[PDB]
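[1] coordinates only, sequence not included:
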Ligand SMILES: CC(C)(O)CNC(=O)C[C@H]1CN(S(=O)(=O)c2ccc(F)cc2)c2ccc(C(O)(C(F)(F)F)C(F)(F)F)cc2S1
């Protein structure tokens, strides 16, 4: 169906995925859990909007069958709005370490300069996390099934860009190979801030895009999936728009309530690329 | 009507109840929680019948709910035990404080103070838990903490039957506190030397309770109330004997009791053998 170069490209991405994506969250342990001025007011009013827009309940299923469940608090008008942030900080960081490992194991990425690698990971980390999270998303129950951990959502949610993305991507019933090809397309994005070898990255992305188009023609019937490829490219455009939204969101919260882990500060630009990104450089050279 | 001596007696117990019973459970903190041989066949039969889910409401409105694991079998049946022991110890410390602020109890030799406390701790705890028990939901509403029952099968557990039965009488605060005093001043407890004084004390609290009822409960619903309460107390003594035996069987195959519980229950001269009690009674 596809060429041998195309089959081997997929095989490389699928290997990279099986090796670095802990699908059952079996190594995500020792994480934190929620406990048992005119200019500043404008900041707090905005941050309150950023957080109350997405509400989930936590479910922790014990090995024995015991179930711990965390229902979030209402906006009383204080710090309670930040109860889930250290837990989300640990979850994001775990997910990011997986994504750095994923990129690192790909030859086309490994063969790029360290500075380009850093810039590509800074620009794509969140996007790759969401695509990965989409694979554990249950659209019937409104839940992300993260092994023993579950995140249960509480047309009200269909307005929230992040939620509409998960519901829509899940609707496409994508294959493991298609999710992984979406990951490469997003990772090898030439238009990222700080990318030097723009030409090489553009030729790499186009080859991943061609392989995805070719994979759809060979593996899917006629013609229900006629525009599946273009539907996928639309989702990635939307994903990049949610990424810009999410960076402004995170930075605003970080500004009034510091919560990001050391790796999150590096990825998001919270206070010479190798000098400003020492954790990332270590992780890439391991 | 009530005599001046009876009115003062109620007043004192009521004042002792408020000083020593934190009904909102606001000072209950730093407690353990479940993690995020034919004796085993009997110990499992003790634990299984008393199945509860735990709820924790934060000041913010946030709620942590714990659903327990099923049997077979398996050390998972001992999940709520460290927590239960922390809650018990906290209640027993309030019961100890309750006894201490009572003049009638203070004027007793330290050995009898220990003997009465060892005999009544569980009984007084059960009486105080009944006041926070909601019979409509089967929940002990202990402030931020809630213990919810997971039917004729539920009623097969005497401790659980006692709670529904006692709640049906719809007792006043004065009646609950007089029951505590009657159960505390039990002359028949092991090691009680001052039998006569304790028995005289018990008869005056029982007389005070009878007088309180005649003076305040004239409704047909409350006919025979005094004798029902007295039958409930005898029933509470029976449950207490069964509970001590259940605890000793659980502790033997799975040690969980705090140092105060080991003292109160016997788990291993009176003042030396009960150092913590002796300290608490002096402090
Ligand atoms: C008043 C309250 C209690 O309602 C406030 N809302 C919450 O505490 C919801 C949590 C969960 N979510 S979420 O609902 O958007 C979500 C949950 C699970 C998922 F897998 C994906 C999204 C989330 C996601 C990212 C992020 C972050 O990326 C963000 F803070 F946005 F930067 C983080 F990981 F860095 F923290 C935060 C949250 S907070």
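    Thanks, I have the structure now. Numbering: from 1, shown residues only, chains lettered A, B, ... in the order given.
[2] What are the buried residues along the helix ranked longest in chain A?
    In chain A, taking DSSP state H as the definition, the longest helix is helix A:228-256. By neighbour count on 16 or more other CB atoms under 10 Å in any protein chain shown, the buried set for helix A:228-256 is A:228-229, A:231-233, A:235-236, A:239-240, A:242-243, A:246, A:249-250, A:252-254. Every residue, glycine included, has its C-beta placed from N, CA and C.
[3] Could you list every helix and strand in contact with it?
    With contacts defined as 3 or more CB pairs under 8 Å, 6 or more residues apart in numbering or on different chains; DSSP states H and E, helix A:228-256 has these neighbours: helix A:38-52, helix A:114-134, helix A:161-171, helix A:176-187, helix A:198-219, helix A:262-268.
[4] That one close to the ligand?
    Yes - using CB under 6 Å from any ligand atom, helix A:228-256 comes into contact with the ligand via A:249, A:250, A:253.
[5] circling back to that earlier point, who wins for proximity to the ligand among the helices and strands packed on helix A:228-256?
    helix A:38-52 (3.9 Å; CB to the nearest ligand atom).
[6] now check the closest one, is it near chain B?
    No - remark: helix A:38-52 sits outside contact range of chain B, by CB under 8 Å from any CB of the partner chain, the gap being at least 13.0 Å.
[7] any idea of the angle the next helix or strand after that helix forms with strand B:63-67?
    Remark: after helix A:38-52, the chain's next helix or strand is strand A:56-61, criterion DSSP states H and E. When axes from the mean of the first three to the mean of the last three CA atoms, to 10 degrees is applied, the directions of strand A:56-61 and strand B:63-67 differ by 30 degrees.
[8] Please name the strands paired to strand A:56-61 in the sheet, noting orientation.
    Using DSSP bridges, the strands paired with strand A:56-61 in its sheet are strand A:67-71 (antiparallel), strand A:149-153 (antiparallel).
[9] List the contacts of it.
    Contact with strand A:56-61 is made by A:33-34, A:67-72, A:84, A:87, A:148-154, B:36, as judged by CB atoms under 8 Å, 6 or more residues apart in numbering or on different chains.
[10] Which positions in it come out as buried?
    A:56, A:57, A:58, A:59, A:60, A:61.
[11] What separation do you get for the last one and the ligand?
    Taking CB to the nearest ligand atom, to the nearest Å as the measure, residue A:61 falls 16 Å from the ligand.
[12] what about whichever residue of the stretch 151-286 of chain A sits closest to chain B, neighbour count?
    Using CB to the nearest CB, the single residue of the stretch 151-286 of chain A nearest to chain B is residue A:154, 12.3 Å away. As a burial measure, residue A:154 scores 11 neighbours (other CB atoms under 10 Å in any protein chain shown).
[13] Kindly provide the distance from the closest residue to it other than its chain neighbours to the ligand.
    Spatially, and ignoring its direct neighbours in sequence, residue A:154 is nearest to residue A:55 (4.3 Å; CB to CB, 6 or more residues apart in numbering or on different chains). Counting by CB to the nearest ligand atom, the separation of residue A:55 from the ligand is 4 Å.
[14] So what's the residue count around residue A:55?
    Residue A:55: 15 surrounding residues under other CB under 10 Å.
[15] can you list the residues of the stretch 1-150 of chain A near the ligand?
    Applying CB under 6 Å from any ligand atom, we find that the stretch 1-150 of chain A lies next to the ligand at A:51-52, A:54-56, A:72, A:75, A:81, A:83-85, A:88-89, A:92, A:133, A:144.
[16] In PyMOL, how would I select the buried members of these?
    This is how PyMOL selects the buried members of these, with burial counted by 16+ other CB under 10 Å:
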select buried, chain A and resi 51+56+72+81+83+84+85+89+92+133+144
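[17] Which pair of the residues of the stretch 1-150 of chain A next to the ligand spans the longest distance?
    A:75 and A:133 (25.2 Å; CB to CB).
[18] who touches the most centrally placed residue in chain A in this structure?
    Centroid-nearest residue in chain A: residue A:129, 1.9 Å away (criterion: CA atoms, centre = their mean). Going by CB under 8 Å, 6+ apart, residue A:129 touches A:92, A:95, A:96, A:99.
[19] From the residues you listed, which land in helices?
    Short answer: those in helices (DSSP H) are A:92, A:95, A:96, A:99.
[20] hmm, who's touching stretch A:239-255?
    With contact meaning CB under 8 Å, 6+ apart, stretch A:239-255 is reached by A:43, A:46-47, A:50-51, A:82, A:85, A:123, A:126-127, A:130-131, A:161-162, A:165, A:186, A:189, A:259-260, A:268-270.
[21] cool, stretch A:203-212 as well?
    A:2, A:6, A:9-10, A:108, A:178, A:181-182, A:184-185, A:188-190, A:229, A:232-233.
[22] How many neighbouring residues does residue A:282 have?
    So residue A:282, with other CB under 10 Å, has 10 neighbours.
[23] near chain B at all, the helix or strand residue A:87 falls within?
    In this assignment (DSSP H and E), residue A:87 forms part of helix A:85-104. No - counting by CB under 8 Å from any CB, chain B is not contacted by helix A:85-104; separation bottoms out at 11.5 Å.
[24] Just list what that helix packs against, helices and strands only.
    helix A:4-20, helix A:114-134, helix A:262-268, helix A:278-285.
[25] and the third one, which residues are buried?
    To tie it back to what came earlier, the one meant is helix A:262-268. A:263, A:264, A:266, A:267, A:268.
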